[PDB]
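Colleague: Have a look at this one.
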Ligand SMILES: *[C@@H]1O[C@H](CO)[C@@H](O[C@@H]2O[C@H](CO)[C@@H](O[C@@H]3O[C@H](CO)[C@@H](O)[C@H](O)[C@@H]3O)[C@H](O)[C@H]2NC(C)=O)[C@H](O)[C@H]1NC(C)=O
Ligand SMILES: *[C@@H]1O[C@H](CO)[C@@H](O[C@@H]2O[C@H](CO)[C@@H](O)[C@H](O)[C@H]2NC(C)=O)[C@H](O)[C@H]1NC(C)=O
Ligand SMILES: *[C@@H]1O[C@H](CO)[C@@H](O)[C@H](O)[C@H]1NC(C)=O
Ligand SMILES: *[C@@H]1O[C@H](CO)[C@@H](O)[C@H](O)[C@H]1NC(C)=O
């Protein structure tokens, strides 16, 4: 019959408004027929559950593109039937029959197929339905993800094999992109391509189902004979599972879960799997709370300067004049004010209104945009003459991107128009993938997709010359930019967004997939907002690999200074090479995200239970299931439900394998199943990420007596959930970068630990913390919890000193910028806590970052543990704003103002010079202005050559504090009293490199008058800031050692080398900070540089946290040297406290270990010494912290509403609240404004400051009653700085105790 590939299935059509699911089938073979036999259209009203008979398929008629179903049952209007009408248009896919509108007794349907396309050029041989419908009649349509040219590569860890699926139809093999997808057999859909040979694995049998939770399933199966020899007697079949990505489920590429026979199994988390948008509206410009769909038909009424501002459709017998969405009509209708009006070609006088612009319905049904009119005229039956218009997503349209309406198939005075246009052409959800392929090696940028979660997108820092008018750059890596805080009112279908006071700006669109370029991943956004000359804003995010660093943000590296181009650069982790990694003790170490998935929280000792109709599976992660029916070492065991006969599905296995957000536990061997091959029963459980699913229930899915395959929606199979330690101040626009204080696994381990002493050996609560991540594995305290409180279980036994648990909080917020230029970082929703038990809740962790522009070392200090809020205090370098700090003077030495690091490019001062071979242009080059091989100009021998010799140049460089250093040379000709030829060099970090050579990045010559600049970037080791270091190290016993003093060095630490033959060599050495710029050394980070013979053995890299030992002892090993007999190196510095401060002495040498014994006073454990009046005597340095010069004034601090007077070391004199007559010796007051200004008494005078590991805590206690029990204390923390004594109120801790930090000069050890 008509439309031959449309009979085999039953098609469903929802009307979202009324909730009436219409079930259609063309030739009338319906299985759900409670309605009449051979039912064409069976209306199922969902709330009355009525099954009305709308179509008799035996009375099916036809028109040019139009199936009518004219039933026998009479309408409540006489001589009318309950008609239905299915209009047929061309898509690229089979589609689904969307619901246009309906009066009481006709129902109109748009249905855009391949079956309507009678030009079958590259036709689909087998094409199944691709839509589902859950209980509430919400749509899972996936038609726009059907690739009609080529196949989606399915990401597995096998470099040799490659599966190539194509959703809901056979793979177009002929006109395809890849060389190995042309090899494919015809009519295949799964196409395993093994070693220049493509098998037909999957064939489309049945259209996709919704069987599970909300995830769709779709199964391909190949039946018959001629199975490959891979399958070992199984039919090849591929089941793809379509998941919708929420905040819980991350990915956007299809992943191969089970490759353990020709039964393949794919979890594909696509945005199209999500509930498809049904948003209709009144005249034009439909939009909803979901701001992904953007329609406006004003540009179909706002006609170009070209003539005939109305449209004309060329029709059957008589042509239709029409002007939609409030445009000037045709003069042939004269005076109708009709947005469409039909015109008779017999007589120009008989004109009938076919639509009016009072009654519209611009309906966006499931990607298929429709525009309906109503109440045109009366026709020959009694039907109001209405008219529909079906828009098509036709990009390169005629009439300057508007296109013309074609008329298709009038029924019952209802005119169906099809319209190829661009201003009704939406990408609603992303169809494009975010994986690439460097031939073999795959990548996945799905982690850094903030994917329609409506939780804030990324904010790009300005590393690059922002000016006065500096803006918020809101990128989103793989999606339309999320409409959230500070990004709402942005033009939607933008990927990067530029927003200011003046207005938001589109800054590129996700037009094309990512591409692997130049040893990184480029991500080019074309088609942005309009720049100067009708050029659109391009944007090139270069996502680079950095292992474990998901918490960074894109730096803005360059611009073009005319707003046509903005290049970003992201030192991320989700743009690093995917690899299979394997784990032994039920712990698999993720490499490309720096996570370590332990699944021992899933080991239930009493069994799990999966129940299908035929079997009961008792399965257990990383351990034997205890059920007496099965063999004892059973990892999994199916018992029947009728026979109750056991079969052992593989013996106990603790071997996990992680690849691309799924952990495969395979269980196999065990008990065979009575075949002459003696094939053992194996099963494979796939743990894959669901951030709020707990331990999870495993699921069984397959369809034969076969090798069994489970998936397990864990919470513990999940990476860090990148949350971007970056905060932009709203009122100023100062970005702060905490993304280098994120300590990640794979490195030397460690955490940000901070002790609390107070009372001896009880409430020694040693608090671990980590910034914007989960913790590292630290035994016993939680995973996915950023801070855990490890108390001591030590009864003074040297062996009996260990740590045990509390669980403080999970990083979801990211840093928030607080008052007085500090920034607060909340961890909400920890473990259940004890308090004043009026309300017990989850723990929180407040950590306040106040910045000291000191040295590279950073150690957190413990503020308070108060009413389920553990406070903290970051004295770091990274908490200060982003500064670029250009130096026009001497060039190959630059100091970072925040970190205090010195980038020296003196080993890049190559006296032979660097040759940059360019594009038919030789650039001879050197960085410190050395190379006189070219023109030695007036005081400019500065290495400026485009070869025959361009110029000698004036020199300047800048840093950014965020992975950007550039040297902006400028030649002697300032070109015609304008700007000059100023050609630029850029730095980035390759860790494993020598000093190196340039690679010639693009030159950009634009003679505006005389401007040109030739950028040539080069990867060197001397280019990026080392991560802030924890030079303070604990031991298991609780002695808190601190070597931060040994890293403050005026000259780098030498060593008395007097032992080994009394040689004339030196031995440079450091502690927890790399050695500075000793020439002829591997200076990326070096522990100790030996100097002799110009044979400079660089014999160790800096170990951040040294090894521990006995009472008052450390040991520090530098592990990664050079060139010694299958050993890199080792240098042991025994940091053994005596109480001199001598030089680390050369002890002896053997087996390429150079060993030193450092008698320092830094190697003594930190003791909290409590001081006298204002002074602390001999706190392990033998110095005195006399802070009475800060008691010479009333010190006013402020909050927003509150005010906090106090006075260091005695006797606050004036206030609003010296309102007492007692012995009150008031040294504080917390205040308010005029209303509710009964303001409270001090922390009373103590004249006692306690020394805490380099902070000085002064405690003013014994105020008035606060809420219930505690008194209104105040506390001052004195940290090192050059007396920026404008106090940081440490905001929103305990409401009964106020923390202050003074960045004062007297608190510094001299
Ligand atoms: C921003 O990213 C886009 C990527 O979409 C860059 O466009 C690409 O620019 C390169 C370099 O000229 C083009 O490569 C050329 O390819 C041809 C063959 O197609 C080859 O014969 C040439 O030797 C050259 O390698 C590439 O075609 C082009 N891609 C486009 C336009 O889609 C753009 O240059 C980047 N902008 C930057 C870094 O400022
Ligand atoms: C959008 O529709 C237009 C108009 O039908 C298509 O443009 C035609 O394309 C064919 C094939 O290349 C050309 O032979 C015609 O000359 C084009 N028409 C005009 C007026 O120039 C266009 O191909 C459609 N785009 C898509 C993506 O389907
Ligand atoms: C269908 O409806 C039209 C309009 O009333 C009528 O003229 C035609 O005869 C009908 N045909 C069938 C088969 O029901
Ligand atoms: C480079 O330095 C010159 C100094 O004359 C300056 O005019 C120019 O703006 C600087 N930057 C660039 C990108 O050329």
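Here Swiss-Prot sets the residue numbers for chain A, with the shown residues being 51-998, 1011-1372 in order.
Per the header of the entry, the method used was electron microscopy, 3.5 Å.
Even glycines carry a Cβ here, placed using N, Cα and C.
The annotation disulfide bond is assigned in Swiss-Prot to 140-167, 281-312, 294-324, 383-391, 484-528, 636-672, 680-687, 883-918, 942-978, 1051-1086, 1143-1150, 1342-1370 (among others) on the grounds of sequence analysis. The domain 'MRH 3' feature in Swiss-Prot is assigned to 332-477; the stated evidence is sequence analysis. Per Swiss-Prot, domain 'MRH 4' is recorded for 482-628, and the stated evidence type is sequence analysis. Taken from Swiss-Prot, the feature domain 'MRH 6' applies to 773-932. Annotation comment: Swiss-Prot describes 1091-1228 as domain 'MRH 8'. According to Swiss-Prot, the domain 'MRH 9' annotation covers 1234-1372. Annotation comment: Swiss-Prot describes 120, 409, 444, 552, 590, 635, 879, 959, 1030, 1173, 1255, 1321 (among others) as N-linked glycosylation site.
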Colleague: Can you list which of the recorded positions 140, 409, 1143 have their Cβ under 6 Å from some atom of ligand 3?
Modeller: none
Colleague: Taking ligand 2 as the reference, state which of the recorded positions 444, 883, 942, 1051, 1342 have a Cβ closer than 6 Å to one of its atoms.
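Modeller: 444, in sequence order.
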Colleague: Considering Cα atoms only, can you say which of 636, 680, 918, 1051, 1173 is the nearest neighbour of residue 978 (disulfide bond) among these recorded positions?
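Modeller: Given the candidates 636, 680, 918, 1051, 1173, the nearest one is 1051.
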Colleague: Can you go through the recorded positions 294, 680, 942, 1030, 1321 and pick out those with a C-beta less than 6 angstroms from ligand 4?
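Modeller: Passing the 6 Å Cβ check against ligand 4: 1030.
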Colleague: So how many other Cβ atoms are close to residue 942 (disulfide bond), meaning within 10 Å of its Cβ?
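Modeller: The answer is 21 other Cβ atoms.
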Colleague: Going along the chain, which residues six or more apart from residue 528 (disulfide bond) have their CB under 8 A from its CB?
Modeller: 302, 480, 482, 484, 495, 496, 498, 499, 501, 560
Colleague: Can you list which of the recorded positions 687, 918, 1321 have their Cβ under 6 Å from some atom of ligand 1?
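Modeller: None, by Cβ distance under 6 Å.
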Colleague: Tell me, how many other CB atoms lie within 10 A of the CB of residue 959 (N-linked glycosylation site), whichever protein chain they belong to?
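Modeller: For residue 959 (N-linked glycosylation site), the count of other Cβ atoms within 10 Å is 17.
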Colleague: Quiz question: given the disulfide-bonded residues 167, 281, 391, 636, which has the greatest number of C-beta atoms lying within 10 angstroms of its own C-beta?
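Modeller: In terms of Cβ crowding, the pick is 391.
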Colleague: Find the one among the recorded positions 281, 444, 942 whose C-alpha lies closest to that of residue 167 (disulfide bond).
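Modeller: It is 444, whose Cα lies nearest.
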Colleague: Counting across all protein chains present, how many other Cβ atoms fall within 10 Å of the Cβ of residue 312 (disulfide bond)?
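Modeller: Around residue 312 (disulfide bond), other Cβ atoms within 10 Å: 23.
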Colleague: Cα-Cα separation of residue 391 (disulfide bond) and residue 552 (N-linked glycosylation site), in Å?
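Modeller: If we compare the Cα positions of residue 391 (disulfide bond) and residue 552 (N-linked glycosylation site), the gap is 43 Å.
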Colleague: Using only C-alpha positions, which one of 635, 636, 942, 1086 is spatially nearest residue 1342 (disulfide bond)? These are the recorded positions in the record.
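Modeller: Going through 635, 636, 942, 1086 one by one, the Cα closest to that of residue 1342 (disulfide bond) is 1086.
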